[PDB]
Amino acid sequence: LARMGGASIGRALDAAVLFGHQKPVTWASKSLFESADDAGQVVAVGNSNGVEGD
Amino acid sequence: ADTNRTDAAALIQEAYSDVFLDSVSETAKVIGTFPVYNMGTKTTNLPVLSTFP
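Everything in this summary refers to the structure shown in the same document. (Residues numbered from 1 in each chain as written, not as in the entry; some residues may be left out. Chains lettered and ligands numbered in written order. Part of a larger assembly, values for the part shown. Heavy atoms only, no water.)

## Some words on the pattern of salt bridges
All names here are of chain A. How we decide: Salt bridge, as used here, is a side-chain nitrogen of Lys or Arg placed within 4 Å of a carboxyl oxygen of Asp or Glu. Comment: elements are numbered from the N terminus, with helices defined as DSSP H or I runs of at least four residues and strands as E runs of at least two. Burial status follows relative accessibility: with a 1.4 Å probe on protein chains alone, a residue under 20% of its type maximum counts as buried, one over 50% as exposed, and anything between as partly exposed.
Enumeration over the complete set of coordinates arrives at one salt bridge over all chains. Across the pair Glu34 and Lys23 runs a salt bridge whose closest N-O atoms are separated by 3.9 Å. Remark: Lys23 occurs in the loop between α1 (2-19) and α2 (32-39) and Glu34 occurs in helix α2; sequence separation between them is eleven residues. Residue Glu34 is classed as partly exposed on the basis of its relative accessible area, which comes to 28%.

## Here's the deal with the side chain of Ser48 of chain A
Residues and elements named next belong to chain A. Where we set the bar: In protein, a polar contact means a hydrogen-donor-capable atom and an acceptor-capable atom, both N or O and within 3.5 Å, with residues adjacent in sequence counting only if both atoms are side-chain atoms; elsewhere, any N or O pair within 3.5 Å suffices. Contact criterion: two residues are considered in contact whenever any of their non-hydrogen atoms come within 4.5 Å of each other.
If you trace the backbone, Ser48 turns up in the segment after α2. A polar contact is formed between the side chain of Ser48 and the side chain of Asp54, at a distance of 2.6 Å. Apart from the residues lying within four places of it in its own chain, the contact partners of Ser48 are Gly53 and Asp54.

## Quick notes on unusual backbone geometry
Residues and elements named next belong to chain A. Non-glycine residue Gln22 carries a positive phi angle of around 55 degrees. Its identity as a non-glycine residue notwithstanding, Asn49 has a phi of 55 degrees, on the positive side. Residue classification places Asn49 among the exposed positions, given a relative accessible area of 83%.

## Let's talk about the environment of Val48 of chain B
All names here are of chain B. Tracing the backbone through its elements, the reader meets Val48 in the segment after α2 (30-33). Among the residues examined, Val48 registers a relative accessible area of 71% and is labelled exposed. When the C-alpha atoms of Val48 and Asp7 are compared, they prove to be 83 Å apart, with 41 residues separating the residues in sequence.

## Description of the packing of aromatic side chains
Residue and element names in this part refer to chain A. Heads up, the condition is: Any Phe, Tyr or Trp ring, taking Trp's six-membered ring, that has another such ring centre within 6.5 Å forms a pair; planes under 30 degrees apart are called stacked, those over 60 apart edge-to-face, and the others tilted.
This structure, assessed with the given rule, holds one aromatic pair over all chains. Centroid distance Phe19 to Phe33: 5.8 Å. Interplanar angle 35 degrees. Geometry classified as tilted. Separated by 14 residues along the polypeptide, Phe19 in helix α1 and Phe33 in helix α2 bring together distant segments of the chain. Given a relative accessible area of 57%, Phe19 falls into the exposed group.

Given below as structure tokens:
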């Protein structure tokens, strides 16, 4: 349970920073996904066999 | 009027060869491939973690 308690907190921090999952409302910064998404810096992978470069 | 192979026949022994004679071979692989545990009884229990916080 000591190993489990520690590891549980590390996982919850990553998910907040990267994707904003349960991000504290007092964190004024955008999460990494949200920062890119609001900037429009998003690339969709395609199904072109790379003919579309995607 | 001649001594042919059918007359000489009792004098004509055949030979034997081992060139195509092999035993079976052990082809089996799982005991060589995977981990082996020596059991001392019919059953062993193996506990595992299932869920966490």
